[PDB]
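Beneath this line is the structure, given in structure tokens, with notes to follow.
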Amino acid sequence: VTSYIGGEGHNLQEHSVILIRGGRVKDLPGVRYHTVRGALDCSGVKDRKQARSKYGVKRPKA
Amino acid sequence: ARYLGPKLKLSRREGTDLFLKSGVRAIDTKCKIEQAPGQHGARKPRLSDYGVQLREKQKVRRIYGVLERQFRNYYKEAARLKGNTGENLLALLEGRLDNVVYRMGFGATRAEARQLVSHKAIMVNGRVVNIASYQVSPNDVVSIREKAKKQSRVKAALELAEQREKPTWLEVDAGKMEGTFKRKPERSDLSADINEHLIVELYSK
Amino acid sequence: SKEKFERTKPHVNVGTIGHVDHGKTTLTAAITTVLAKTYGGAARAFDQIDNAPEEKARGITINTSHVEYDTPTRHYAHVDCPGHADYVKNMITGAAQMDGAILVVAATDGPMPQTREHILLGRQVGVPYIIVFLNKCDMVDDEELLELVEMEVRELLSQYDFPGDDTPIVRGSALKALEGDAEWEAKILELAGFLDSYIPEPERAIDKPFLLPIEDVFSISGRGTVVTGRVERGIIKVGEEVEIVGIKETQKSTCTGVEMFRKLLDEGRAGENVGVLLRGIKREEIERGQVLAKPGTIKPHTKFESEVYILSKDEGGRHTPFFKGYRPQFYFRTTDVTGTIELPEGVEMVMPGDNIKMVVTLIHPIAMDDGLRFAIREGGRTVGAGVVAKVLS
Amino acid sequence: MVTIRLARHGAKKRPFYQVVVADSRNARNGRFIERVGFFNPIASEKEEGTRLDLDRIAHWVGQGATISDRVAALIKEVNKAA
Amino acid sequence: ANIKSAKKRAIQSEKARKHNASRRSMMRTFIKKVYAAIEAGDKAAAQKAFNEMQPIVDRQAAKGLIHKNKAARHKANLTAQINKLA
RNA sequence: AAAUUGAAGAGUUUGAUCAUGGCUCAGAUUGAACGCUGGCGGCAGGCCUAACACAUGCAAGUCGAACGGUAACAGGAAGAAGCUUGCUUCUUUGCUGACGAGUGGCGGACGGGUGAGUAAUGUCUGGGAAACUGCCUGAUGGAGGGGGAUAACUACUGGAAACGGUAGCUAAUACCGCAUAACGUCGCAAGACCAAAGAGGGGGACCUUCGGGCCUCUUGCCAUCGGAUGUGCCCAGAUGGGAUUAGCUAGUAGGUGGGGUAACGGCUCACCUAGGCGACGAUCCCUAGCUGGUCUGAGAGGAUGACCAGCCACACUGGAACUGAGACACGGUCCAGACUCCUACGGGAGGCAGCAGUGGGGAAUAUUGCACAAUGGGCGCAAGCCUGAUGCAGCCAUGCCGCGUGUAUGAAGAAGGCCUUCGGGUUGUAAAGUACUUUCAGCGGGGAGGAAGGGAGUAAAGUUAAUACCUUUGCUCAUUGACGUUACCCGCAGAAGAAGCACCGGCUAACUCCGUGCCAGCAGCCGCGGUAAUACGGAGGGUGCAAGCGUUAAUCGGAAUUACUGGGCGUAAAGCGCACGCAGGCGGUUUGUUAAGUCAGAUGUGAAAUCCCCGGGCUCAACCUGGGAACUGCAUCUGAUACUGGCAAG
RNA sequence: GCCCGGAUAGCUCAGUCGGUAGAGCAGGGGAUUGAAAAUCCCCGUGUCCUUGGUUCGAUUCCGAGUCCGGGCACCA
């Protein structure tokens with residue numbers, strides 16, 4: 062599946078073992094998923110403070 | 001869960017007093033009435049057919065001081081009972097102990113009265129009650145605990161209930177620190193803060 | 001279901017040191033073999049000199065303290081560690097966990113790199129309590145040249161400020177003491193006499209808050225996850241509630257078992273190796289980078305303030321100054337971890353042979369408090385010794 | 001063989017029983033063919049908490065049934081017709 | 001499941017199994033004595049023979065040897081032959 | 001003791017507009033996860049994945065008042081022995097209490113778990129006729145006599161273990177025939193014929209081997225006819241998919257006889273006739289336990305059976321047979337398969353989809369709990385014994401609800417942030433200040449009910465031997481709570497210990513600014529974003545929810561978007577290219593006649609639990625529980641005869 | 001717990017794997033444009049593995065460590 066990664070900051074790799082939720086984005090062909098940040102080998106997203114529960118991002122960081 | 005923060009914020013958005021923070025600031029310095037909260041409070045709020053429903057639901061839950069889980073609970077009970085859910089819920093909303101305690105002057109605000117009911121300050125039928133959501137029965141009496149009969153905040157509140165008309169299903173006596181819940185609450189004096197057309201719209205979604 | 005180890009007499013964590021091929025496993029077998037004859041009362045016996053499949057299968061040396069035995073004064077547990085330069089890490093951490101070490105050297109090779117490395121650890125990171133054994137003595141063609149061969153060991157001691165002759169240096173042939181040669185069985189047991197008195201005695205921090213730096217971990221089929229290692233502080237008993245801190249998220253469990261040397265344990269004690277079984281824990285999650293403890297006594301940290309002395313070239317230190325922005329390896333209990341370092345206000349460098357205040361920033365968290373010792377290494381050499389003065393967030 | 005026994009009901013620390021016509025081949029809190037009463041051993045000020053059908057037990061024991069000991073007790077404090 | 005705290009009712013089942021097996025073939029093959037009275041043509045002598053059979057035909061179903069209400073069908077199948085006579 | 005409250009719109013086609021129609025969407029819910037965050041209390045909930053394999057523990061047995069025995073323990077009884085010396089050792093004695101082990105009797109097949117089979121006469125809904133049973137229970141009879149075995153025990157002995165081996169003794173509620181028996185059994189009738197077991201308590205008299213007998217009571221047995229919870233059959237109607245899934249059957253279709261069955265039928269074997277079943281779905285191959293009921297929605301319809309409860313099948317696999325009322329079976333027996341394990345290499349051992357525990361799978365899951373207190377179940381002659389059955393604390397935000405985290409008051413509102421017209425405004429009475437209590441948590445104090453039964457003493461009654469024995473009650477008091485400092489309540493400071501999470505372009509509640517400047521990404525659709533963006537990301541403020549929060553998936557809704565409820569077809573996707581005409585459907589008009597359906601009526605049923613309506617209760621709620629309302633139909637049968645249907649004529 | 005290998009401009013290719021790392025290809029910016037493509041005119045990248053060491057000299061060697069692959073190795 063092709064799976065969207067949201068916000069800038071990418072800790073996932075061409076062998077990063079990860080979890081993915083549904084991400085609806087018919088804007089991009091075939092993309093029906095979204096990759097969960099701060100789960101398995103994927104770390105949380107950069108420059109977030111309005112999310113804590115989303116992106117795996119915890120009580121806020123830079 | 002209860003409001004621990006600044007209480008007068010709410011009244012300014014909701015176009016009502018909410019019967020909390022009923023004090024005053026001196027000479028109307030930065031008095032912040034007749035405005036909605038924050039720097040953008042002079043901007044008009046914008047509606048939709050569901051938006052009106054969410055703003056009316058916030059209103060009723062700020063009137064009677066109840067959670068959304070409490071209001072969802074009472075609305076299931078309203079629908080369990082025969083007749084129409086709308087009027088069945090309005091009967092539920094008016095009878096509960098925390099509201100009857102504010103009506104009966106024990107709390108000069110809603111938050112004084114909810115703290116009184118939790119903190120065993122009111123006993124009802126002569127038996128101690130530590131929950132906001134106890135239904136007072138007709139012709140029964142709510143009665144202050146001795147350790148709350150000393151509370152200066154309550155003693156001022158019960159005087160603020162004298163020469164103050166009370167909803168005609170109850171009376172209170174400052175001198176006893178006891179109030180008779182004389183009869184059942186009456187929709188022909190007080191009703192809740194929502195639209196009876198909107199409450200059946202969401203099942204069609 | 002298992003049988004119980006009983007905490008009688010004092011008890012100590014020790015270990016062999018020296019090179020590969022020298023005797024590093026032979027000596028620790030051979031002492032325990034003659035101990036069962038001499039201390040224990042037995043006659044030379046075939047089951048004395050060989051050991052069971054079941055211990056060999058797990059005590060591969062490099063992950064397990066495979067050896068437990070008894071002497072007239074104390075019980076011992078003992079750790080086995082690599083004798084080669086391809087792998088030294090489990091010695092240099094094991095030094096801070098042990099109360100002393102058993103130094104083996106072979107006349108056949110002469111001294112090799114790990115007989116000269118492991119002797120330094122008791123100054124550098126651990127404790128200076130070393131007892132010595134000269135192996136393969138029977139090989140040398142002249143006895144009067146064997147006597148000069150032993151003056152080499154007194155020099156090797158004297159290189160790292162160990163007293164060259166007031167250290168006990170037994171002469172022996174450990175594989176001949178092991179098998180039951182009449183001359184070499186009679187020239188090993190002097191070493192257990194010294195082991196009973198050179199420590200001199202263990203002392204255990206069993207008053208303090210429980211700290212088990214985990215050495216190793218096991219997966220019991222049908223029962224789950226046991227975490228084990230030398231206890232640095234405190235106590236455990238069966239049914240205690242326990243916290244795992246360190247390189248992972250902090251979580252709580254119940255210690256529902258307590259064991260030592262594959263036996264159930266009436267009480268886990270400081271200064272000795274102890275294992276703990278854990279309720280509702282799965283072998284998928286746990287790692288050795290963890291530290292078991294009493295809930296809310298110690299927390300994971302990546303950052304810490306510390307005092308650290310930089311060695312002088314005299315002590316085998318640097319001769320070049322130690323600049324800011326270095327990436328030394330630290331040594332904490334069972335585990336090593338690397339951090340980037342910082343120097344005080346207006347200090348770009350500190351000279352060799354001088355003390356400084358430092359702030360470290362590790363590349364992974366470990367459980368830390370004040371008063372925990374380390375040594376630093378910068379690659380090719382150890383360069384300093386220090387202590388965590390407080391933790392940082 | 002048929003029995004008149006307790007089958008168990010009610011929440012933790014606050015139990016209940018339905019008195020029931022059952023078989024010993026059945027499960028205690030499961031299969032029964034009739035409820036002949038109710039017994040709340042703990043409840044206070046609950047008038048609807050307790051019944052027992054004496055008329056029904058008299059039919060069953062005529063068909064060769066046995067009353068269990070809780071039932072044989074409870075019929076002596078319930079009225080001898082129901 | 002895997003275990004029970006006792007094992008002896010399982011051995012009670014084998015003790016019973018072998019004493020039933022050893023005599024279920026006994027009580028049924030005596031009928032070769034009955035068959036000669038069926039062959040002799042005469043209903044009363046056929047019946048007297050089946051009455052000589054009745055001692056072992058009721059006990060074979062009382063006992064474990066075939067269990068249940070199995071005497072009734074054996075008496076029925078053997079009668080359905082000898083009731084052709086009169 | 002009654003009943004309904006339900007049906008929707010919104011973003012999106014173009015320069016502008018109507019209709020049609022897809023797409024997206026607001027709602028509700030899950031044994032759900034993910035990720036953040038979290039204090040307190042009640043009741044509830046926690047594999048929804050591998051029917052995949054389980055370490056280790058633990059889950060129905062029990063009676064010495066069936067029998068033979070005497071390992072253990074204590075005692076009595078007797079002997080013997082020692083300055084432990086009239087106090088003390090050893091021995092003997094089954095002599096007694098008693099019980100290790102054996103024989104023996106009934107349930108272990110029960111409870112508990114799982115959803116793998118089965119699209120099924122299991123199950124749902126309702127009837128039909130040839131059926132049966134543990135054991136409880138109604139009721140009738142019987143108990144003659146004789147013969148016979150062997151383990152335990154006794155001795156001897158092999159192997160690593162499984163496994164035992166060798167030889168001897170003997171008892172029963174153990175073994176067996178004949179006898180002997182009721183409303184009994186078979187037989188068309190004559191007539192023949194059917195069981196089996198005793199044991200235990202005790203007294204005046206009476207025998208006596210002084211064991212025992214007799215006597216009488218108690219307890220137990222066996223046959224047999226009745227009742228009953230439970231269970232089986234038969235029958236009717238219903239039960240997902242592939243028709244690009246067309247043949248299936250003779251052990252059939254029909255019949256007849258034996259065999260066989262609890263009973264029943266080609267069940268099965270055989271004969272005889274040739275029929276039966278299907279393309280409006282035989283057959284073939286695929287999936288799936290069902291159902292009360294759970295979720296969703298006007299409901300139809302759809303999803304769905306889970307938490308609780310009725311029922312079925314199954315328990316690592318394959319073959320078979322049995323114990324017993326009943327089981328190719330979960331807890332058991334022989335063998336095989338695979339794996340695994342012990343092993344002296346010969347041989348043997350095992351299956352948590354019981355309870356707790358665990359590895360693994362996977363997106364994901366409690367303590368090798370605790371307890372005799374109370375409920376049921378199994379043995380018990382009775383006292384009693386068993387039970388992870390049962391009850392009940394723990395863990396965890398898994399479920400639902402209720403409560404709290406302080407509050408009355410209080411400004412030149414003061415700094416700051418934010419916004420700004422640069423005045424101030426605002427965040428916010430929020431802070432500072434003034435006034436007050438501690439609920440809850442903590443700690444301390446006090447403490448109900450879940451408890452009934454059961455034990456023993458003692459008196460009377462009954463049973464009875466005048467008498468004990470046997471037993472019930474009355475009465476006395478012996479004794480009984482895991483959960484547990486309980487439920488619930490009282491004392492005591494003191495705000496002390498209790499707020500994070502998501503959202504702000506519109507649909508969608510929240511607006512302004514700044515930066516990154518078509519970038520970061522951003523929304524589900526239309527789309528936003530290309531240097532002063534409520535669309536990004538942040539700030540502040542605002543909005544919304546709250547110890548839970550968002551988000552993702554899944555189901556159902558909006559949808560009438562397969563339209564009975566509720567659509568179009570000239571042309572919106574669209575009427576067969578046309579005729580002729582069977583299947584099946586539909587049938588003018590008139591005379592007579594009929595009614596199962598319909599309709600009127602009745603009888604039988606969908607019980608409980610679950611559901612719904614109305615009560616009651618645990619302080620309230622969640623939660624628990626009663627009563628009352630619901631079950632339109634279905635099976636069968638009775639009246640009317642307009643009508644569908646039936647029968648006959650015109 | 002440890003040990004081993006891989007880290008030349010976005011891409012590519014060279015460079016005693018000891019002797020100050022060199023060049024190319026493609027692309028981006030600006031202008032055009034409200035912006036972009038394309039075009040036209042200008043221009044940059046080296047994580048030459050991070051970081052300590054060895055030496056007369058580190059790009060290329062040794063330890064320390066990250067990501068990613070691989071090795072050593074266990075069941076109280």
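Residue numbers (the entry's author numbering), protein chains in the order written: chain AP, 62 to 123; chain AH, 1 to 205; chain AC, 1 to 393; chain AT, 1 to 82; chain AX, 1 to 86.
Beta carbons: idealized from backbone N, C-alpha and C, even for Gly.
Close beta carbons around residue i, own chain, < 7 Å, minus the five adjacent residues each side
i	result
residue 130 of chain AC	100, 101, 103, 119, 122, 162, 167
residue 61 of chain AH	68, 71
Beta-carbon proximity of residue i to residue j, cut-off 9 Å
i	j	result
residue 11 of chain AC	residue 84 of chain AC	no
residue 297 of chain AC	residue 279 of chain AC	no
residue 209 of chain AC	residue 293 of chain AC	yes
residue 180 of chain AC	residue 48 of chain AC	yes
residue 53 of chain AH	residue 199 of chain AH	yes
residue 189 of chain AC	residue 34 of chain AC	yes
Enclosing beta strand (DSSP E) for residue i [first to last residue]
i	result
residue 346 of chain AC	That residue, residue 346 of chain AC, is in no beta strand (DSSP E); it is neither H nor E in DSSP.
residue 307 of chain AC	299 to 310
residue 319 of chain AC	Where residue 319 of chain AC is concerned, there is no enclosing beta strand (DSSP E), given that its DSSP letter is neither H nor E.
residue 78 of chain AC	75 to 79
Supposed contact pair residue j and residue i - C-beta distance, whole angstroms, cut 8 Å
i	j	result
residue 358 of chain AC	residue 343 of chain AC	7 Å
residue 92 of chain AP	residue 84 of chain AP	7 Å
residue 174 of chain AC	residue 36 of chain AC	Not a contact, Cβ separation roughly 15 Å.
residue 82 of chain AX	residue 30 of chain AX	Not quite, the Cβ-Cβ distance comes to about 16 Å (not below 8 Å), so this is no contact.
residue 182 of chain AH	residue 171 of chain AH	6 Å
Own chain partners of residue i with C-beta closer than 6 Å, once the 5 adjacent residues on each side are dropped
i	result
residue 277 of chain AC	226, 256, 257
residue 6 of chain AT	17, 70
Reduced DSSP category for residue i - H, G, I as helix; E, B as strand; rest coil
i	result
residue 71 of chain AH	helix
residue 233 of chain AC	strand
residue 384 of chain AC	strand
residue 390 of chain AC	strand
residue 109 of chain AC	coil
Alpha helix (DSSP H) segment containing residue i, residue limits
i	result
residue 139 of chain AH	Where residue 139 of chain AH is concerned, there is no enclosing alpha helix (DSSP H), given that its DSSP letter is neither H nor E.
residue 105 of chain AC	Where residue 105 of chain AC is concerned, there is no enclosing alpha helix (DSSP H), although the beta strand (DSSP E) it sits in stretches over 100 to 106.
residue 33 of chain AH	Element bounds for residue 33 of chain AH: n/a, residue is neither H nor E.
residue 58 of chain AH	51 to 63
Neighbourhood of residue i by C-beta distance below 8 Å, restricted to the same chain and skipping five residues each side
i	result
residue 196 of chain AC	71, 72, 73, 74
residue 31 of chain AT	22, 23
residue 24 of chain AX	60, 65, 66
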